[PDB]
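**Student:** Here's a structure for you.
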Amino acid sequence: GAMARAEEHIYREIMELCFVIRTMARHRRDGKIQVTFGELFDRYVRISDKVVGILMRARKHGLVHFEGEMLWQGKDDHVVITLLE
């Protein structure tokens with residue numbers, strides 16, 4: 001029992017993406033969450049298959065520290081997306 005990071009308690013809207021990020025990265029248990037593009041995509045592919053497209057929404061509030069205007073599967077997979085909340 002502690003205050004934790006409550007990264008998810010930072011923004012309700014983010015719940016849309018955070019919900020998926022919490023599945024890939026178990027860091028949610030400790031607090032902040034982080035996942036690579038490759039992993040995220042490979043996880044969203046079984047849902048909507050457009051994580052990169054959703055990231056644009058979260059970026060509106062500076063939640064994605066990712067770089068570039070987009071990420072190409074197999075190319076920008078190295079892109080590490082760290083939930084900024």
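In the structure tokens, the first chain shown is A, the next is B, and so on; residue numbers restart at 1 for each chain, and ligands run from 1 in the order shown.
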So which residues of stretch 12-85 of chain A fall under strand (DSSP E) by DSSP, listed as a list in words?
**Tutor:** residues 34, 35, 36, 80, 81 and 82 of chain A
**Student:** Can you tell me, as an MDAnalysis selection string, what residues are no more than 8 Å from residue A:24 when counting only C-alpha atoms, ignoring any on the same chain fewer than 5 positions away?
**Tutor:** chainID A and resid 35 39:40 43
**Student:** Can you spit out the residues from that selection as a JSON list (two decimals), in the first residue's frame, using C-alpha atoms?
**Tutor:**
```
[["chain", "number", "residue", "atom", "x", "y", "z"],
["A", 35, "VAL", "CA", 6.62, -0.80, -24.14],
["A", 39, "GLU", "CA", 5.43, -5.18, -28.86],
["A", 40, "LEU", "CA", 2.58, -2.67, -28.77],
["A", 43, "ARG", "CA", -0.50, -6.60, -29.22]]
```
**Student:** Find the residues around stretch 48-58 of chain A up to 9 Å (only C-alpha atoms counted), leave out those fewer than 3 positions away in its own chain, and share them as a PDB file with N, CA and C atoms, in the first residue's frame.
**Tutor:**
```
ATOM      1  N   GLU A  13      -8.928   9.600 -20.115  1.00  0.00           N
ATOM      2  CA  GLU A  13      -8.935   9.350 -21.551  1.00  0.00           C
ATOM      3  C   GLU A  13      -7.813   8.392 -21.941  1.00  0.00           C
ATOM      4  N   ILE A  14      -6.639   8.593 -21.352  1.00  0.00           N
ATOM      5  CA  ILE A  14      -5.487   7.748 -21.638  1.00  0.00           C
ATOM      6  C   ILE A  14      -5.808   6.278 -21.392  1.00  0.00           C
ATOM      7  N   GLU A  16      -7.706   4.482 -22.628  1.00  0.00           N
ATOM      8  CA  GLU A  16      -7.857   3.794 -23.905  1.00  0.00           C
ATOM      9  C   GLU A  16      -6.570   3.072 -24.291  1.00  0.00           C
ATOM     10  N   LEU A  17      -5.458   3.798 -24.257  1.00  0.00           N
ATOM     11  CA  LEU A  17      -4.161   3.227 -24.603  1.00  0.00           C
ATOM     12  C   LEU A  17      -3.550   2.501 -23.409  1.00  0.00           C
ATOM     13  N   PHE A  37       7.429  -0.231 -29.696  1.00  0.00           N
ATOM     14  CA  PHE A  37       6.474  -0.202 -30.799  1.00  0.00           C
ATOM     15  C   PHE A  37       6.152  -1.614 -31.277  1.00  0.00           C
ATOM     16  N   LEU A  40       3.883  -3.319 -28.770  1.00  0.00           N
ATOM     17  CA  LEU A  40       2.576  -2.669 -28.774  1.00  0.00           C
ATOM     18  C   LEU A  40       1.770  -3.076 -30.003  1.00  0.00           C
ATOM     19  N   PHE A  41       2.363  -2.900 -31.180  1.00  0.00           N
ATOM     20  CA  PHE A  41       1.699  -3.251 -32.430  1.00  0.00           C
ATOM     21  C   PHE A  41       1.287  -4.720 -32.433  1.00  0.00           C
ATOM     22  N   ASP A  42       2.235  -5.595 -32.115  1.00  0.00           N
ATOM     23  CA  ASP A  42       1.972  -7.028 -32.080  1.00  0.00           C
ATOM     24  C   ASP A  42       0.841  -7.350 -31.108  1.00  0.00           C
ATOM     25  N   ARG A  43       0.560  -6.416 -30.206  1.00  0.00           N
ATOM     26  CA  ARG A  43      -0.498  -6.602 -29.219  1.00  0.00           C
ATOM     27  C   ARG A  43      -1.808  -5.988 -29.703  1.00  0.00           C
ATOM     28  N   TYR A  44      -1.703  -4.881 -30.430  1.00  0.00           N
ATOM     29  CA  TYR A  44      -2.879  -4.195 -30.951  1.00  0.00           C
ATOM     30  C   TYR A  44      -3.418  -4.902 -32.191  1.00  0.00           C
ATOM     31  N   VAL A  45      -2.536  -5.607 -32.892  1.00  0.00           N
ATOM     32  CA  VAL A  45      -2.921  -6.331 -34.097  1.00  0.00           C
ATOM     33  C   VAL A  45      -4.054  -7.310 -33.811  1.00  0.00           C
ATOM     34  N   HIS A  61      -1.432  15.342 -25.196  1.00  0.00           N
ATOM     35  CA  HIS A  61      -1.130  15.764 -23.833  1.00  0.00           C
ATOM     36  C   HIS A  61       0.284  15.351 -23.435  1.00  0.00           C
ATOM     37  N   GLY A  62       1.147  15.180 -24.432  1.00  0.00           N
ATOM     38  CA  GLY A  62       2.518  14.785 -24.166  1.00  0.00           C
ATOM     39  C   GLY A  62       2.608  13.556 -23.284  1.00  0.00           C
ATOM     40  N   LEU A  63       2.151  12.422 -23.803  1.00  0.00           N
ATOM     41  CA  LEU A  63       2.179  11.171 -23.054  1.00  0.00           C
ATOM     42  C   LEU A  63       3.132  10.170 -23.700  1.00  0.00           C
ATOM     43  N   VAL A  64       3.475  10.417 -24.961  1.00  0.00           N
ATOM     44  CA  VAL A  64       4.382   9.540 -25.693  1.00  0.00           C
ATOM     45  C   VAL A  64       5.702  10.239 -25.990  1.00  0.00           C
ATOM     46  N   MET A  70       5.896   8.890 -37.254  1.00  0.00           N
ATOM     47  CA  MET A  70       5.259   7.579 -37.299  1.00  0.00           C
ATOM     48  C   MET A  70       6.291   6.468 -37.120  1.00  0.00           C
ATOM     49  N   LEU A  71       5.809   5.243 -36.947  1.00  0.00           N
ATOM     50  CA  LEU A  71       6.688   4.093 -36.764  1.00  0.00           C
ATOM     51  C   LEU A  71       6.334   2.976 -37.740  1.00  0.00           C
ATOM     52  N   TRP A  72       7.305   2.579 -38.554  1.00  0.00           N
ATOM     53  CA  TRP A  72       7.097   1.517 -39.533  1.00  0.00           C
ATOM     54  C   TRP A  72       7.458   0.157 -38.945  1.00  0.00           C
TER      55      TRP A  72
END
```
**Student:** Rounded to one decimal, what separation in Å do you get between atom CA of residue A:6 and atom CA of residue A:22?
**Tutor:**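 It comes out at 12.3 Å.
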**Student:** My list of candidates is A:46, A:36, A:21, A:60. Which is closest to residue A:73 when distances are computed with only C-alpha atoms?
**Tutor:**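 Residue with the minimum atom-to-atom distance to residue A:73: A:36.
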**Student:** Using Å and a single decimal, report how far atom CA of residue A:82 sits from atom CA of residue A:34.
**Tutor:**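 The value is 4.1 Å.
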**Student:** Per DSSP on the backbone, what are the alpha helix (DSSP H) residues of chain A, as an MDAnalysis selection string?
**Tutor:** chainID A and resid 15:24 37:44 51:59
**Student:** What would the file look like if the residues just selected were written as a PDB file, in the first residue's frame with C-alpha atoms?
**Tutor:**
```
ATOM      1  CA  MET A  15      -7.235   4.667 -20.255  1.00  0.00           C
ATOM      2  CA  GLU A  16      -7.857   3.794 -23.905  1.00  0.00           C
ATOM      3  CA  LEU A  17      -4.161   3.227 -24.603  1.00  0.00           C
ATOM      4  CA  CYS A  18      -2.960   2.594 -21.049  1.00  0.00           C
ATOM      5  CA  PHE A  19      -5.416  -0.308 -20.950  1.00  0.00           C
ATOM      6  CA  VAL A  20      -3.437  -2.042 -23.698  1.00  0.00           C
ATOM      7  CA  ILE A  21      -0.031  -0.962 -22.401  1.00  0.00           C
ATOM      8  CA  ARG A  22      -0.906  -2.507 -19.038  1.00  0.00           C
ATOM      9  CA  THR A  23      -1.363  -5.845 -20.806  1.00  0.00           C
ATOM     10  CA  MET A  24       2.027  -5.850 -22.530  1.00  0.00           C
ATOM     11  CA  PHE A  37       6.474  -0.202 -30.799  1.00  0.00           C
ATOM     12  CA  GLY A  38       7.001  -3.758 -32.004  1.00  0.00           C
ATOM     13  CA  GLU A  39       5.430  -5.184 -28.856  1.00  0.00           C
ATOM     14  CA  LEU A  40       2.576  -2.669 -28.774  1.00  0.00           C
ATOM     15  CA  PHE A  41       1.699  -3.251 -32.430  1.00  0.00           C
ATOM     16  CA  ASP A  42       1.972  -7.028 -32.080  1.00  0.00           C
ATOM     17  CA  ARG A  43      -0.498  -6.602 -29.219  1.00  0.00           C
ATOM     18  CA  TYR A  44      -2.879  -4.195 -30.951  1.00  0.00           C
ATOM     19  CA  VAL A  51      -1.494   1.539 -32.063  1.00  0.00           C
ATOM     20  CA  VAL A  52       0.677   4.088 -33.867  1.00  0.00           C
ATOM     21  CA  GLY A  53      -2.498   5.839 -34.974  1.00  0.00           C
ATOM     22  CA  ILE A  54      -3.833   6.046 -31.427  1.00  0.00           C
ATOM     23  CA  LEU A  55      -0.532   7.344 -30.053  1.00  0.00           C
ATOM     24  CA  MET A  56      -1.385  10.607 -31.810  1.00  0.00           C
ATOM     25  CA  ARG A  57      -4.282  11.062 -29.388  1.00  0.00           C
ATOM     26  CA  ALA A  58      -2.132  10.578 -26.288  1.00  0.00           C
ATOM     27  CA  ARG A  59       0.588  12.806 -27.739  1.00  0.00           C
TER      28      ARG A  59
END
```
**Student:** Which residues are close to residue A:32, i.e. within 7 Å by only C-alpha atoms, leaving aside same-chain residues fewer than 6 positions away? Reply as a list in words.
**Tutor:**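 Returned residues: residues 5, 7 and 83 of chain A.
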**Student:** Could you jot down the atom CA of residue A:12 to atom CA of residue A:76 separation for me, Å, one decimal place?
**Tutor:**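 A separation of 27.9 Å between them.
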